[PDB]
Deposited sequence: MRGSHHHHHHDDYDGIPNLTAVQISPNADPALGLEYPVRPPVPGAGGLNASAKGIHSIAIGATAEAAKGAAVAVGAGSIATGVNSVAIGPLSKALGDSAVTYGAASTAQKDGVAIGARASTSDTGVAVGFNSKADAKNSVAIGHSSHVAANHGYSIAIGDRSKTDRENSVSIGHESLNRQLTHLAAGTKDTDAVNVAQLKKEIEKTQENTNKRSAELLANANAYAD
């Protein structure tokens, strides 16, 4: 037998504290599967946590019921989910392909979207958008939202813009008007 993978099924009864269908399954070459029913399905994938699933080549899923559902996807946290080339960090964090979701219950539903913060959310129809902050939600594609229906946030420590597509600060607004 050619040993290239690491498969570690339960080896202890938590009611006794002694280490010696809950088998872990490392099916890919060089893969790693650790924990009750944990499964690393393809090449070099890593799955650590009860019921964790790393379905993609080189995918990484850590946390109970965490699932990396595509190649290279990475998930960290209980019930976190990430599609191909995505990143989902935090319990219940979820991201569509090539997206980034960081925070408890964060959701990057649009492909390539970014959702940072608890319950931050980029709706599936808001392409290439970003939601930043607790409960921040996008309302359109090609945008960055720093708030939601019941909260608008001020943006601080902004240096005056110079190029046409640079943001403008209060001092700048006043100055330009004065002159």
Problem - Coordinate gaps, deposited numbering - result: 1 to 16, 37 to 46, 206 to 226
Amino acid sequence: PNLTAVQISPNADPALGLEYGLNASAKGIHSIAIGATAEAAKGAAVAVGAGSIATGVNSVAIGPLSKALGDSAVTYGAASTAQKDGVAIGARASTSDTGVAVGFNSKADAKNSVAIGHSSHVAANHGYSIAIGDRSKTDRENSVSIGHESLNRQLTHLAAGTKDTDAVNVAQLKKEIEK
From here on, numbers count along this sequence of modelled residues.
Practice task
Identify the stretch, either 55 to 63 or 22 to 30, whose C-alpha atoms have the larger mean B-factor according to the entry.
Solution key: 22 to 30
Fill in the blank from the handout: Once average C-alpha B-factors are taken from the entry for 169 to 177 and 1 to 9, the winner is 169 to 177
Handout entry: Given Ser136, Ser150, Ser113, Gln154, the residue at which the Cα B factor reaches its maximum
Key = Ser150
Handout entry: For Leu69, the third of its chain into which the C-alpha B factor falls
Key = highest
Completion exercise
Among the modelled residues of its chain, the C-alpha B-factor of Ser129 falls in the third labelled lowest
Handout entry: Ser145 - Cα temperature factor, lowest/middle/highest third of chain
Key = lowest
